[PDB]
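Okay, so here's the structure we're looking at.
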Number of protein chains: 4
Amino acid sequence: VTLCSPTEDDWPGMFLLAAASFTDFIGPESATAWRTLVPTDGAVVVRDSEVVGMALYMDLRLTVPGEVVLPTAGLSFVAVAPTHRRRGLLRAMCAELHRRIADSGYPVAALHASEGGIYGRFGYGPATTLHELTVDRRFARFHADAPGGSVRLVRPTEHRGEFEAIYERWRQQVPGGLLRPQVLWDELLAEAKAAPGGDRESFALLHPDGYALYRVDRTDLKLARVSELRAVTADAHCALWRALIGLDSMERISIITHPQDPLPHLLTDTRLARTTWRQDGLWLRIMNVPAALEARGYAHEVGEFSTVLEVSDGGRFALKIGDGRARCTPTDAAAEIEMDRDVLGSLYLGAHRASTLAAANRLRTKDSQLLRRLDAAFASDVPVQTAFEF
Amino acid sequence: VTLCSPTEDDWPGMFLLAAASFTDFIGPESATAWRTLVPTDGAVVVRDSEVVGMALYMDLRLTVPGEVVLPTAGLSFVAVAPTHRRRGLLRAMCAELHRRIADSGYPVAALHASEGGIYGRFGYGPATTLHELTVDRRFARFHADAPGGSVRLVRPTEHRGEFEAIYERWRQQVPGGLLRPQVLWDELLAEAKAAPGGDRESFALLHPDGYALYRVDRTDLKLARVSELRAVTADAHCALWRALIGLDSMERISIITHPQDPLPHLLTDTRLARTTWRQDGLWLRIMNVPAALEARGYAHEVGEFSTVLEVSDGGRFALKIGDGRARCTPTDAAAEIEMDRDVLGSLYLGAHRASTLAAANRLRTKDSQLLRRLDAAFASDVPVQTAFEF
Amino acid sequence: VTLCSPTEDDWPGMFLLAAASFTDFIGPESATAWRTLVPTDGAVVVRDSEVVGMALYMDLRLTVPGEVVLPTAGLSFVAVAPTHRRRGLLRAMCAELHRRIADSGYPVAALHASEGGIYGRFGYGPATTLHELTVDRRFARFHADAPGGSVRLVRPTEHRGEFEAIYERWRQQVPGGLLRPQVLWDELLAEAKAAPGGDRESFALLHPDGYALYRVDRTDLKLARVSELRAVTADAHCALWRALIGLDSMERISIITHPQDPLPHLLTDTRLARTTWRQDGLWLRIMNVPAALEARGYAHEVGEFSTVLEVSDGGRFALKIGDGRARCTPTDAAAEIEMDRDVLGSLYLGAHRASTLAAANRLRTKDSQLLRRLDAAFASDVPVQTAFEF
Amino acid sequence: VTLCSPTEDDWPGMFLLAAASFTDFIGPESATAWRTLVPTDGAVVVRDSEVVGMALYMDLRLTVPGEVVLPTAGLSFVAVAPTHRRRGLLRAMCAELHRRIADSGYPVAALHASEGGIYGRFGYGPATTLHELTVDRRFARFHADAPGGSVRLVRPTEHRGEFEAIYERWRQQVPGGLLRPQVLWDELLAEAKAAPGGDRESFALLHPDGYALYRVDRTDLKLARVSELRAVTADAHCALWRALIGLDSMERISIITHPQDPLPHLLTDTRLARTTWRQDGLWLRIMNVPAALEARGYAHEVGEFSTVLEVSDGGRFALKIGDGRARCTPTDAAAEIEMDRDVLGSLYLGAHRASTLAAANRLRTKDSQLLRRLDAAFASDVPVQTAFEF
Ligand SMILES: CCN(CC)CCC[C@@H](C)Nc1ccnc2cc(Cl)ccc12
Ligand SMILES: CCN(CC)CCC[C@@H](C)Nc1ccnc2cc(Cl)ccc12
Ligand SMILES: CCN(CC)CCC[C@@H](C)Nc1ccnc2cc(Cl)ccc12
Ligand SMILES: CCN(CC)CCC[C@@H](C)Nc1ccnc2cc(Cl)ccc12
């Protein structure tokens with residue numbers, strides 16, 4: 001049992017483990033676009049001879065509060081063979097990639113978790129919240145205050161340029177935003193066409209400042225699933241939902257969105273936009289505590305304050321926050337706040353309140369005023385959204 | 001079609017309309033406890049002769065941010081006969097009760113809505129959020145950080161005094177908290193016993209600083225439903241959930257809680273606490289804008305600011321917020337913020353952000369800095385919860 | 001945390017823990033009949049003051065192969081409070097009752113398990129198999145060979161004497177048979193009547209040599225559930241099933257029976273008797289290995305053989321089996337067969353083959369001929385059935 | 001309406017009737033491999049001109065107790081047109097094939113039945129039992145006694161040689177085992193690949209002494225279906241199940257196995273391996289009573305005995321069984337045992353006990369000692385399994 005960077009000769013064994021581990025994984029052609037994002041030395045394999053474990057990271061760009069874009073190591077393609085469970089393979093692979101990621105100078109790593117109980121112990125905290133809304137569009141009426149009482153129905157492949165430009169504006173202005181490389185647009189637009197005994201055709205609704213990609217469900221022919229709605233203005237968001245609610249042959253429109261989606265408030269009956277599912281989205285491991293805390297912007301409303309933050313096995317820092325900026329310097333002064341690394345990841349994009357984590361003892365301080373100040377400072381003006389799964 | 005305060009001779013016709021309108025309504029004995037809370041002139045009936053419409057309010061005490069307790073008119077028992085729809089009965093009954101409530105000096109009215117599209121147009125905004133969590137307790141393990149790694153299993157009727165004292169502490173410290181009168185404790189403890197072909201027996205878990213009332217579901221014998229968990233400390237909340245997760249004969253524990261319930265963070269897998277349902281809880285109509293805005297406490301973190309707020313048909317006010325206090329005085333100066341009355345009710349307990357309502361055009365300003373300041377100021381340190389339905 | 005025999009003052013706390021632990025437990029009146037079977041010193045309670053754990057045994061008579069009746073300690077009413085999990089309460093209660101049971105001279109203990117993963121580690125093996133058959137009686141035709149091509153439809157309470165006499169003959173001739181005391185007949189016949197919003201009335205089919213007790217399902221009005229069919233002859237079994245298949249208003253007849261129920265072979269289509277559920281029934285802990293192995297009869301077909309059997313922490317014995325009898329004497333000679341105590345319980349009534357347990361390594365020998373001889377000898381001529389849950 | 005051996009010109013009409021009769025039947029390419037197993041004169045067709053009935057047999061090799069391999073006529077492709085029901089076509093086709101099978105010298109015929117009420121009257125008895133186990137693998141823990149606390153994840157098409165060799169060892173040592181010809185391995189490995197809008201890819205787990213072929217369900221993405229597990233040793237069976245329980249992305253693993261599968265005993269909770277389905281597997285018609293009874297081996301444990309067996313319209317025989325061998329000679333001496341031919345088929349591989357068939361009057365004797373001796377003698381040391389459907 002050795003742990004190495006894979007050679008081109010390892011990739012067939014990796015694709016077998018992938019096919020057997022990931023139901024969404026069609027075959028090698030799938031991985032081609034994503035592999036362009038994996039740097040030299042971005043991958044590890046465990047050999048027993050055959051591949052019994054693998055893991056890699058991709059080079060991503062993640063938007064954080066203050067419209068700051070961080071280089072981000074996106075962990076993916078993580079699998080242990082069913083023959084080799086409880087042998088410490090995941091721990092050994094995560095330790096090696098984290099060493100490489102930290103040495104390469106990434107301030108943060110990120111992943112999407114297949115289960116919620118695995119990645120906490122390696123320092124990852126859930127940092128965005130997926131919120132599925134299902135609208136019974138047969139009853140949906142727009143409120144007198146709703147704007148637009150400008151959208152075209154189009155084939156996605158015919159308007160690639162406009163989708164790319166709208167998404168680029170959205171990903172730079174929204175925390176959780178990720179740069180989407182041309183190879184991932186190629187993939188996305190390939191999935192837009194109908195598959196024999198698979199998905200139905202995707203259509204687009206296109207506004208100058210937003211787009212919605214949607215397709216009728218395979219089996220439930222009265223359900224339209226919105227795969228992605230990117231709106232740069234409130235006017236575009238409202239205009240796009242007026243068009244979706246105009247899908248008169250549908251009973252129901254579902255979307256995976258974020259907890260602060262204003263959709264319900266656009267309707268005379270807010271209860272029509274039902275939360276049908278909630279789950280952790282992006283997970284974040286802070287690799288360098290001071291680089292990460294200094295990089296993000298903070299709420300201007302909270303006045304200047306100083307404290308001492310200890311991350312369990314991640315350092316102790318003098319943290320001063322004022323005028324929307326943090327300074328985070330080494331100290332041996334007594335800790336006023338303590339938390340595990342994963343908790344910091346959960347606070348970092350504003351998706352979870354320090355007060356909530358404190359009430360579960362995840363965050364530890366003896367100062368309730370300091371807790372209120374942390375809550376306010378780490379809050380994000382622009383609500384955190386989830387870009388695309390990787 | 002006349003609209004009057006009911007005489008004792010009207011109540012049999014009101015109980016018939018009630019039985020036909022409310023599936024939860026067993027008979028006159030139900031209403032007895034609640035009727036002790038209805039003041040003289042708290043009720044209206046429409047006669048065609050028989051009762052075709054009714055509505056009333058109860059005298060309540062509602063906790064708002066800053067631990068301030070407001071006298072509150074609780075609208076309830078609202079029904080129009082199925083013979084008399086689209087005759088303006090609800091509008092006429094709500095106009096009359098609102099006149100009486102305002103003249104009596106109540107700063108706020110509140111209700112629980114049977115549908116989400118009715119009460120907005122009469123000035124009520126959804127002000128609390130019901131959040132059902134279902135835990136698959138067979139997988140639930142507590143996180144190493146969770147406290148208490150002190151609770152007794154008891155019969156509710158044998159510990160009335162301790163439940164009453166715990167709830168009284170909780171309702172004074174939590175926004176959304178409602179005073180519970182002795183007659184409603186009588187009702188609650190009567191519903192605790194098993195019913196022939198109805199609910200199963202309720203049990204209690206009792207801690208010095210919290211209690212949980214729960215009962216196995218009628219038909220799903222592997223589901224325990226927590227009807228009410230009131231915890232005054234984080235230690236009590238955690239200790240009570242350790243005991244609920246100890247119900248080894250159950251697969252699932254469900255509770256109707258609030259969006260900031262720390263339960264998920266107590267577990268090694270946060271995904272185990274699944275959101276299975278979300279809905280508006282308490283609705284709030286601000287009756288007197290200046291009395292209500294001056295009564296509640298505000299976030300100390302936001303520095304002093306002044307603006308001019310117009311409520312559509314509710315006045316225009318110079319609003320100055322600093323040191324956690326508001327002053328709200330008449331002005332004819334130009335409005336910087338405009339919103340309908342219902343929107344103010346939705347902001348008032350901190351359950352909805354001004355920014356979210358602004359993005360749906362419900363709240364209207366041309367100043368993004370003022371929006372951030374309103375969001376921060378109206379936010380509640382202690383998360384808003386829902387007391388009990390009325 | 002003390003462990004004691006309960007006084008009459010402990011029983012209210014035991015009934016609270018019972019109500020909270022067992023959904024089938026109506027109240028103290030339930031336990032009255034069963035409590036007549038609990039000997040002095042048959043019960044233990046753990047006090048923290050309130051009852052946080054309890055367990056007891058009843059005096060039973062269990063039929064084993066060879067029509068031999070053993071005094072049997074029936075463990076029941078076992079519960080640990082949800083407040084007191086992972087404190088070793090079950091282990092401490094089982095250790096104390098086992099000490100008392102062994103000292104009192106019981107050769108075997110027995111229980112029905114609420115979960116399949118608990119009792120193995122205390123030496124209990126599953127010893128009978130519950131097998132639910134559902135017949136689509138609309139297609140059921142009897143085979144030309146089936147007997148009876150003599151039964152009365154009766155009210156159970158009017159023929160108590162005849163049911164008692166038939167059951168007494170059946171329980172003495174069938175391994176798994178249990179003596180049913182008059183107080184359990186009182187209970188059974190009380191459950192025969194309809195309950196408001198509960199079970200429907202039970203009817204009986206009565207033959208001189210068998211009876212079937214059945215009732216239409218609460219909600220599925222086309223399903224008849226046979227709660228108990230006791231047939232002393234093949235003619236009675238066939239005659240009773242002809243009558244059940246005559247329930248022309250039903251679609252389906254279900255029964256919880258044993259794997260060798262001949263019902264399917266009575267039909268022209270054996271597939272009509274569908275196995276819809278299977279589960280462990282009675283569990284058996286052999287308390288005294290030599291007393292138990294010498295008491296039961298063995299297959300006459302297998303010729304005399306001798307071996308040395310070791311039970312893990314239960315002794316090593318020279319075991320000689322011939323002419324349907326075993327002699328089982330102390331030895332320090334080398335073990336030819338080894339197994340944990342629970343495995344012996346699983347073999348004891350003939351429900352599980354030594355060969356099957358050997359293939360999972362539960363039973364360990366290096367002699368395949370000895371395995372075939374054990375399989376044959378422990379096999380039961382009369383198939384093992386399950387009497388009634390306790 | 002004539003009954004003939006088909007010419008090559010009949011096969012298009014046979015493929016039409018096949019397509020209309022068998023949902024599993026894709027087209028002529030399906031039948032190609034199976035047709036290599038049909039001897040000259042192995043097929044009959046009824047013509048009205050078009051094909052309204054067909055039936056054929058394949059040359060098979062079936063393993064019976066004692067590791068004896070019998071030439072076996074496998075009936076298959078049996079269909080009557082929906083236009084021609086109740087015209088005696090099936091009876092006429094079965095009479096003709098049985099004449100040919102008996103004259104060709106086959107001692108037994110076998111089939112898989114589409115319904116359970118058809119083939120009894122033509123002398124076929126159900127001889128193996130299909131037993132579906134579904135494991136909730138999220139709770140599955142191996143017992144301390146389980147072996148292996150050696151398997152590779154592989155693509156089936158890349159290890160054909162090893163699967164062929166393992167299966168050949170398994171089919172010779174297991175009653176119910178069938179020789180699998182190269183053309184059926186070609187078919188099997190063709191079905192291993194994914195189909196557009198059909199089955200997902202199959203994977204293999206490969207041990208030196210066993211293999212498991214499995215694939216994720218089409219629609220239930222948390223269910224893995226084991227299509228075939230062939231283990232020549234207990235160590236291989238346990239090692240393969242450790243790997244299947246390592247499919248961490250699955251909730252449930254299902255397999256169609258046999259009633260004596262030791263899997264449940266490998267787990268700390270035997271109840272986790274739930275029986276979700278049971279059905280007759282292989283059916284057997286004894287064509288030559290003396291050839292069949294003399295060919296199979298018998299239990300060595302039962303001492304020498306002699307009896308006289310009558311098969312209804314199948315002869316009367318002096319049957320002497322001792323030292324694991326039978327001698328079966330013509331007699332006119334009085335019958336001590338009588339049964340229809342189908343009953344003998346059901347006894348022949350040890351899947352059904354003589355005592356069980358006797359209790360339904362299918363087997364008739366006045367000697368209970370003779371019944372015990374038949375039960376013991378016909379029992380199979382190695383439990384009967386089902387090879388592959390034909
Ligand atoms: C956990 C399930 N998986 C892994 C295949 C899908 C995750 C989401 C999708 C868009 N990501 C992917 C889909 C397909 N191939 C890929 C190859 C690499 Cl290297 C990385 C990510 C990939
Ligand atoms: C909309 C459905 N309803 C009205 C009966 C139940 C609402 C919640 C319950 C606890 N409230 C009530 C239940 C029963 N009776 C009552 C009598 C009056 Cl005056 C007021 C409230 C009541
Ligand atoms: C595990 C679920 N339980 C325990 C109450 C029911 C088991 C089957 C039933 C017939 N047994 C019982 C039912 C009711 N009360 C009883 C009191 C005693 Cl001491 C013992 C057994 C009892
Ligand atoms: C009753 C349903 N059927 C008959 C097609 C499928 C039975 C099982 C499968 C593996 N057997 C078969 C599948 C496909 N074609 C075949 C052609 C012949 Cl001659 C015999 C058997 C065949």
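Identifiers in the structure tokens: chain A, B, ... in order shown; residue index from 1 per chain; ligand index from 1 in order shown.
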Query raised in the report: Near stretch 354-357 of chain A, counting only C-alpha atoms, which residues have an atom at most 10 Å away, once you skip same-chain residues fewer than 5 positions from it, shown as a ChimeraX atom specification?
Result: /A:339,343-344,346-347,362-364,368,370-379 /B:260-266,381-383
Would you give me, as CSV, each residue of chain C having an atom within 7 Å of an atom of ligand 3, along with its shortest atom pair and that distance in Å to one decimal, using only C-alpha atoms and all ligand atoms and sorting by chain and residue number?
```
residue,atom,partner,partner_atom_place_in_ligand_line,distance
C:18,CA,ligand 3,5 (C),6.6
C:22,CA,ligand 3,2 (C),5.2
C:24,CA,ligand 3,6 (C),6.0
C:25,CA,ligand 3,5 (C),5.2
C:30,CA,ligand 3,15 (N),4.7
C:31,CA,ligand 3,17 (C),3.7
C:34,CA,ligand 3,18 (C),4.8
C:35,CA,ligand 3,19 (Cl),4.9
C:38,CA,ligand 3,19 (Cl),6.9
C:56,CA,ligand 3,19 (Cl),6.9
C:76,CA,ligand 3,20 (C),5.2
C:77,CA,ligand 3,4 (C),5.0
C:114,CA,ligand 3,1 (C),5.9
C:389,CA,ligand 3,8 (C),4.9
C:390,CA,ligand 3,8 (C),4.1
```
Query raised in the report: Do you know which residues are at most 10 Å from stretch 196-200 of chain C counting only C-alpha atoms, after dropping those on the same chain fewer than 4 positions away, and could you put them as a PyMOL selection string?
Result: (chain B and resi 195-198) or (chain C and resi 191-192+214-219)
Report task. Kindly determine which residues of chain A lie within 9 Å of chain D, considering only C-alpha atoms, and give the answer as a PyMOL selection string. Result -> chain A and resi 16-17+19-23+50+52+81-85+114-115+195-198
Report task. With a distance cut-off of 8 Å and only C-alpha atoms, select the neighbouring residues of stretch 275-287 of chain A, excluding the residue or stretch itself and same-chain residues fewer than 5 positions from it, and output the selection as a PyMOL selection string. Result -> (chain A and resi 98+102+106-113+116+123-134+176+292+341-342+344-346+386+389) or (chain B and resi 271+274-278)
Based on the selection just made, write N, CA and C atoms of those residues as a short mmCIF file (atom, residue, chain, number, x, y, z; two decimals), in the first residue's frame.
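Written output follows (result_5.cif):
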```cif
data_model
loop_
_atom_site.label_atom_id
_atom_site.label_comp_id
_atom_site.auth_asym_id
_atom_site.auth_seq_id
_atom_site.Cartn_x
_atom_site.Cartn_y
_atom_site.Cartn_z
N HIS A 98 -3.40 17.99 1.46
CA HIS A 98 -3.40 19.23 2.29
C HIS A 98 -1.96 19.79 2.39
N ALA A 102 -1.20 23.50 0.90
CA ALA A 102 -0.62 24.51 1.82
C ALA A 102 0.74 24.99 1.26
N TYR A 106 -2.16 27.97 -1.45
CA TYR A 106 -3.63 28.19 -1.45
C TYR A 106 -4.07 28.59 -0.05
N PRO A 107 -4.85 29.67 0.12
CA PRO A 107 -5.34 30.01 1.46
C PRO A 107 -6.52 29.17 1.92
N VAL A 108 -7.27 28.60 0.98
CA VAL A 108 -8.48 27.79 1.29
C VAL A 108 -8.55 26.60 0.33
N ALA A 109 -9.11 25.49 0.83
CA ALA A 109 -9.59 24.34 0.05
C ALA A 109 -11.12 24.28 0.18
N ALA A 110 -11.76 23.63 -0.79
CA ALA A 110 -13.23 23.49 -0.82
C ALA A 110 -13.62 22.13 -1.42
N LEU A 111 -14.78 21.62 -1.01
CA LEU A 111 -15.35 20.39 -1.59
C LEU A 111 -16.88 20.40 -1.47
N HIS A 112 -17.51 19.52 -2.26
CA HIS A 112 -18.93 19.08 -2.08
C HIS A 112 -18.87 17.67 -1.46
N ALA A 113 -19.61 17.45 -0.37
CA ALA A 113 -19.52 16.22 0.43
C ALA A 113 -20.61 15.26 -0.01
N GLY A 116 -22.42 13.89 5.18
CA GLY A 116 -22.18 15.04 6.08
C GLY A 116 -21.27 14.71 7.26
N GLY A 123 -11.02 19.17 8.86
CA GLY A 123 -11.03 20.64 8.98
C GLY A 123 -12.01 21.34 8.06
N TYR A 124 -12.86 20.62 7.32
CA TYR A 124 -13.86 21.24 6.41
C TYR A 124 -15.16 21.53 7.18
N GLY A 125 -15.66 22.75 7.02
CA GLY A 125 -16.97 23.16 7.58
C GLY A 125 -17.95 23.46 6.46
N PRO A 126 -19.24 23.08 6.58
CA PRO A 126 -20.22 23.49 5.58
C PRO A 126 -20.35 25.01 5.57
N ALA A 127 -20.26 25.62 4.40
CA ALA A 127 -20.07 27.08 4.24
C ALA A 127 -21.18 27.73 3.40
N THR A 128 -21.94 26.94 2.61
CA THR A 128 -23.15 27.40 1.88
C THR A 128 -24.29 26.43 2.14
N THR A 129 -25.52 26.90 1.97
CA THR A 129 -26.75 26.10 2.21
C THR A 129 -27.58 26.03 0.93
N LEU A 130 -27.80 24.80 0.45
CA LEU A 130 -28.70 24.52 -0.68
C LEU A 130 -30.11 24.50 -0.12
N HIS A 131 -30.99 25.22 -0.79
CA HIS A 131 -32.40 25.41 -0.39
C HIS A 131 -33.28 25.19 -1.62
N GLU A 132 -33.92 24.05 -1.70
CA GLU A 132 -34.86 23.77 -2.81
C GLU A 132 -36.22 24.40 -2.51
N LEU A 133 -36.67 25.25 -3.44
CA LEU A 133 -38.04 25.83 -3.46
C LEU A 133 -38.80 25.15 -4.59
N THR A 134 -40.00 24.68 -4.28
CA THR A 134 -40.97 24.17 -5.27
C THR A 134 -42.16 25.12 -5.26
N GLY A 176 -19.38 32.74 -2.77
CA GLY A 176 -19.67 31.38 -3.24
C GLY A 176 -19.50 31.28 -4.73
N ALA A 292 -6.47 34.00 5.14
CA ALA A 292 -7.92 33.94 4.85
C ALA A 292 -8.64 35.08 5.59
N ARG A 341 -10.86 24.22 13.35
CA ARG A 341 -10.67 24.80 12.00
C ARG A 341 -11.99 24.75 11.20
N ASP A 342 -12.77 23.67 11.30
CA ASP A 342 -13.98 23.43 10.45
C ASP A 342 -15.00 24.54 10.75
N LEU A 344 -14.44 27.63 11.66
CA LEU A 344 -14.02 28.86 10.96
C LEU A 344 -14.48 28.80 9.50
N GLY A 345 -14.30 27.66 8.82
CA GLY A 345 -14.78 27.51 7.44
C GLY A 345 -16.28 27.80 7.35
N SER A 346 -17.08 27.28 8.29
CA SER A 346 -18.56 27.49 8.36
C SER A 346 -18.93 28.98 8.56
N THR A 386 -24.44 29.17 -3.94
CA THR A 386 -23.62 28.01 -4.36
C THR A 386 -23.50 28.07 -5.88
N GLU A 389 -21.49 22.44 -8.54
CA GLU A 389 -20.90 21.28 -7.85
C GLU A 389 -19.63 20.88 -8.60
N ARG B 271 -26.07 16.88 8.72
CA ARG B 271 -27.09 16.55 7.70
C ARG B 271 -28.17 15.64 8.31
N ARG B 274 -32.60 16.87 9.36
CA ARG B 274 -33.14 17.23 8.02
C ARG B 274 -34.30 18.22 8.22
N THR B 275 -34.29 19.30 7.45
CA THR B 275 -35.46 20.20 7.33
C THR B 275 -36.49 19.52 6.46
N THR B 276 -37.62 19.13 7.03
CA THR B 276 -38.67 18.37 6.35
C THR B 276 -39.86 19.27 6.06
N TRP B 277 -39.91 20.49 6.60
CA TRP B 277 -41.07 21.41 6.42
C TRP B 277 -40.68 22.80 6.89
N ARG B 278 -41.14 23.82 6.17
CA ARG B 278 -40.98 25.23 6.56
C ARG B 278 -42.26 25.99 6.28
#
```
**Report entry** stretch 5-64 of chain D: residues DSSP assigns to helix (DSSP H, G or I), reported as JSON, numbers by chain
**Finding:** {"D": [8, 9, 10, 11, 12, 13, 14, 15, 16, 17, 18, 19, 20, 21, 28, 29, 30, 31, 32, 33, 34, 35]}
For the selection you just gave me, I'd like the residues written to a file as an mmCIF file, in the first residue's frame, keeping N, CA and C atoms.
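Generated file (part-v6.cif):
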```cif
data_model
loop_
_atom_site.group_PDB
_atom_site.id
_atom_site.type_symbol
_atom_site.label_atom_id
_atom_site.label_comp_id
_atom_site.auth_asym_id
_atom_site.auth_seq_id
_atom_site.Cartn_x
_atom_site.Cartn_y
_atom_site.Cartn_z
ATOM 1 N N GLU D 8 -36.355 -24.150 -40.556
ATOM 2 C CA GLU D 8 -35.772 -22.787 -40.445
ATOM 3 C C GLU D 8 -36.833 -21.725 -40.830
ATOM 4 N N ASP D 9 -37.846 -22.071 -41.641
ATOM 5 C CA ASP D 9 -38.900 -21.143 -42.138
ATOM 6 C C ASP D 9 -39.921 -20.844 -41.033
ATOM 7 N N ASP D 10 -39.945 -21.651 -39.975
ATOM 8 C CA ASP D 10 -40.878 -21.502 -38.837
ATOM 9 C C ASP D 10 -40.335 -20.498 -37.825
ATOM 10 N N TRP D 11 -39.034 -20.237 -37.832
ATOM 11 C CA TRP D 11 -38.398 -19.492 -36.728
ATOM 12 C C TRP D 11 -38.846 -18.029 -36.721
ATOM 13 N N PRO D 12 -39.059 -17.320 -37.849
ATOM 14 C CA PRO D 12 -39.610 -15.960 -37.759
ATOM 15 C C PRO D 12 -40.968 -15.893 -37.019
ATOM 16 N N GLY D 13 -41.894 -16.816 -37.309
ATOM 17 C CA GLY D 13 -43.190 -16.941 -36.598
ATOM 18 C C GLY D 13 -43.001 -17.259 -35.108
ATOM 19 N N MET D 14 -41.964 -18.039 -34.774
ATOM 20 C CA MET D 14 -41.623 -18.399 -33.368
ATOM 21 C C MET D 14 -41.091 -17.170 -32.624
ATOM 22 N N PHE D 15 -40.244 -16.374 -33.266
ATOM 23 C CA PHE D 15 -39.701 -15.108 -32.713
ATOM 24 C C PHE D 15 -40.832 -14.079 -32.531
ATOM 25 N N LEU D 16 -41.819 -14.034 -33.423
ATOM 26 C CA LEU D 16 -42.985 -13.128 -33.220
ATOM 27 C C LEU D 16 -43.729 -13.585 -31.955
ATOM 28 N N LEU D 17 -44.117 -14.856 -31.891
ATOM 29 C CA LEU D 17 -44.814 -15.384 -30.690
ATOM 30 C C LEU D 17 -43.976 -15.136 -29.425
ATOM 31 N N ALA D 18 -42.644 -15.215 -29.525
ATOM 32 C CA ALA D 18 -41.705 -15.033 -28.389
ATOM 33 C C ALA D 18 -41.769 -13.583 -27.900
ATOM 34 N N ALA D 19 -41.580 -12.660 -28.830
ATOM 35 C CA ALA D 19 -41.615 -11.207 -28.567
ATOM 36 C C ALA D 19 -42.947 -10.864 -27.877
ATOM 37 N N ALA D 20 -44.046 -11.466 -28.318
ATOM 38 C CA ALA D 20 -45.400 -11.142 -27.801
ATOM 39 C C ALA D 20 -45.648 -11.868 -26.484
ATOM 40 N N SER D 21 -44.845 -12.880 -26.136
ATOM 41 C CA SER D 21 -45.126 -13.747 -24.965
ATOM 42 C C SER D 21 -44.151 -13.428 -23.814
ATOM 43 N N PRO D 28 -34.339 -11.949 -32.267
ATOM 44 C CA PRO D 28 -33.641 -13.173 -32.667
ATOM 45 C C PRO D 28 -32.216 -13.364 -32.130
ATOM 46 N N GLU D 29 -31.455 -12.273 -32.035
ATOM 47 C CA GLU D 29 -30.059 -12.293 -31.538
ATOM 48 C C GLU D 29 -30.066 -12.911 -30.126
ATOM 49 N N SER D 30 -31.110 -12.682 -29.326
ATOM 50 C CA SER D 30 -31.231 -13.234 -27.947
ATOM 51 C C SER D 30 -31.082 -14.764 -28.011
ATOM 52 N N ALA D 31 -31.953 -15.388 -28.815
ATOM 53 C CA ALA D 31 -32.141 -16.851 -28.922
ATOM 54 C C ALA D 31 -30.902 -17.566 -29.490
ATOM 55 N N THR D 32 -29.998 -16.865 -30.183
ATOM 56 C CA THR D 32 -28.856 -17.469 -30.926
ATOM 57 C C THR D 32 -28.011 -18.361 -30.011
ATOM 58 N N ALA D 33 -27.557 -17.835 -28.891
ATOM 59 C CA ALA D 33 -26.719 -18.590 -27.948
ATOM 60 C C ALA D 33 -27.493 -19.804 -27.430
ATOM 61 N N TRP D 34 -28.767 -19.629 -27.086
ATOM 62 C CA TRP D 34 -29.567 -20.690 -26.425
ATOM 63 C C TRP D 34 -29.857 -21.803 -27.438
ATOM 64 N N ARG D 35 -30.008 -21.426 -28.704
ATOM 65 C CA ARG D 35 -30.370 -22.331 -29.811
ATOM 66 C C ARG D 35 -29.243 -23.329 -30.075
#
```
Query raised in the report: For residue C:140, which residue among C:327, C:86, C:193, C:252 is the nearest when counting only C-alpha atoms?
Result: C:252
Query raised in the report: Taking only C-alpha atoms and all ligand atoms into account, which of D:103, D:158, D:187, D:168 comes nearest ligand 4?
Result: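 That would be D:187, the residue with the smallest distance to ligand 4.
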Report task. Work out how far atom CA of residue C:337 is from atom CA of residue C:365, in Å to one decimal. Result ->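 Pair atom CA of residue C:365 / atom CA of residue C:337 returns 4.8 Å.
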